[PDB]
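This is coords_37.cif. It holds mmCIF, C-alpha atoms; chains and numbers go by the auth columns.
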```cif
data_model
loop_
_atom_site.group_PDB
_atom_site.id
_atom_site.type_symbol
_atom_site.label_atom_id
_atom_site.label_comp_id
_atom_site.label_asym_id
_atom_site.label_seq_id
_atom_site.Cartn_x
_atom_site.Cartn_y
_atom_site.Cartn_z
_atom_site.B_iso_or_equiv
_atom_site.auth_seq_id
_atom_site.auth_asym_id
ATOM 1 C CA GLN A 1 0.575 -3.479 12.907 0.00 1 A
ATOM 2 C CA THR A 2 0.286 -4.260 9.175 0.00 2 A
ATOM 3 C CA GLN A 3 -2.264 -2.140 7.280 0.00 3 A
ATOM 4 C CA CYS A 4 -1.623 -4.455 4.284 0.00 4 A
ATOM 5 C CA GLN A 5 -0.384 -7.943 3.485 0.00 5 A
ATOM 6 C CA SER A 6 0.647 -7.210 -0.131 0.00 6 A
ATOM 7 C CA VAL A 7 0.467 -4.561 -2.900 0.00 7 A
ATOM 8 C CA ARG A 8 -3.029 -6.041 -3.583 0.00 8 A
ATOM 9 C CA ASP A 9 -4.255 -4.256 -0.435 0.00 9 A
ATOM 10 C CA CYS A 10 -2.939 -0.942 -1.672 0.00 10 A
ATOM 11 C CA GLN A 11 -4.251 -1.629 -5.221 0.00 11 A
ATOM 12 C CA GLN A 12 -7.819 -1.462 -3.894 0.00 12 A
ATOM 13 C CA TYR A 13 -6.842 1.522 -1.648 0.00 13 A
ATOM 14 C CA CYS A 14 -5.010 3.582 -4.320 0.00 14 A
ATOM 15 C CA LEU A 15 -4.972 3.695 -8.136 0.00 15 A
ATOM 16 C CA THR A 16 -1.128 3.825 -8.171 0.00 16 A
ATOM 17 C CA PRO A 17 0.432 2.392 -5.005 0.00 17 A
ATOM 18 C CA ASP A 18 4.167 2.523 -4.313 0.00 18 A
ATOM 19 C CA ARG A 19 4.444 -0.513 -2.035 0.00 19 A
ATOM 20 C CA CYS A 20 2.868 -2.553 0.657 0.00 20 A
ATOM 21 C CA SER A 21 5.886 -2.004 2.939 0.00 21 A
ATOM 22 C CA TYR A 22 6.647 -0.924 6.547 0.00 22 A
ATOM 23 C CA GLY A 23 3.190 -2.331 7.481 0.00 23 A
ATOM 24 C CA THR A 24 1.640 0.753 5.773 0.00 24 A
ATOM 25 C CA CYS A 25 0.570 0.725 2.119 0.00 25 A
ATOM 26 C CA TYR A 26 2.640 3.501 0.511 0.00 26 A
ATOM 27 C CA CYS A 27 0.967 5.243 -2.468 0.00 27 A
ATOM 28 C CA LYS A 28 3.062 6.771 -5.238 0.00 28 A
ATOM 29 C CA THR A 29 0.838 9.834 -5.809 0.00 29 A
ATOM 30 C CA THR A 30 -2.161 10.123 -3.442 0.00 30 A
#
```
Since I need it in another form, could you write the structure as structure tokens?
Amino acid sequence: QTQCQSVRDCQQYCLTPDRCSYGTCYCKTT
């Protein structure tokens, strides 16, 4: 269960991601 492969995935999801980590793309302020 990996929402993302890499920060890339979050970068489209979120203007300022934290990490693609824990199979869930963490966003720094969203």
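Atom CA of residue 2 of chain A lies 20.6 Å from atom CA of residue 29 of chain A.
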Name the residues in contact with segment 10-12 of chain A at a cut-off of 9 Å, using all atoms listed in the file, excluding same-chain residues fewer than 6 positions from it; report them as a PDB file with C-alpha atoms, in the frame of the given file.
```pdb
ATOM      1  CA  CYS A   4      -1.623  -4.455   4.284  1.00  0.00           C
ATOM      2  CA  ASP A  18       4.167   2.523  -4.313  1.00  0.00           C
ATOM      3  CA  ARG A  19       4.444  -0.513  -2.035  1.00  0.00           C
ATOM      4  CA  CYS A  20       2.868  -2.553   0.657  1.00  0.00           C
ATOM      5  CA  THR A  24       1.640   0.753   5.773  1.00  0.00           C
ATOM      6  CA  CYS A  25       0.570   0.725   2.119  1.00  0.00           C
ATOM      7  CA  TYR A  26       2.640   3.501   0.511  1.00  0.00           C
ATOM      8  CA  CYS A  27       0.967   5.243  -2.468  1.00  0.00           C
TER       9      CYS A  27
END
```
Target residues per the PyMOL selection byres ((chain A and resi 30) around 9), formatted as a short mmCIF file (atom, residue, chain, number, x, y, z; two decimals) with C-alpha atoms, in the coordinates of the input:
```
data_model
loop_
_atom_site.label_atom_id
_atom_site.label_comp_id
_atom_site.auth_asym_id
_atom_site.auth_seq_id
_atom_site.Cartn_x
_atom_site.Cartn_y
_atom_site.Cartn_z
CA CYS A 14 -5.01 3.58 -4.32
CA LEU A 15 -4.97 3.70 -8.14
CA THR A 16 -1.13 3.82 -8.17
CA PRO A 17 0.43 2.39 -5.00
CA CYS A 27 0.97 5.24 -2.47
CA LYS A 28 3.06 6.77 -5.24
CA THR A 29 0.84 9.83 -5.81
#
```
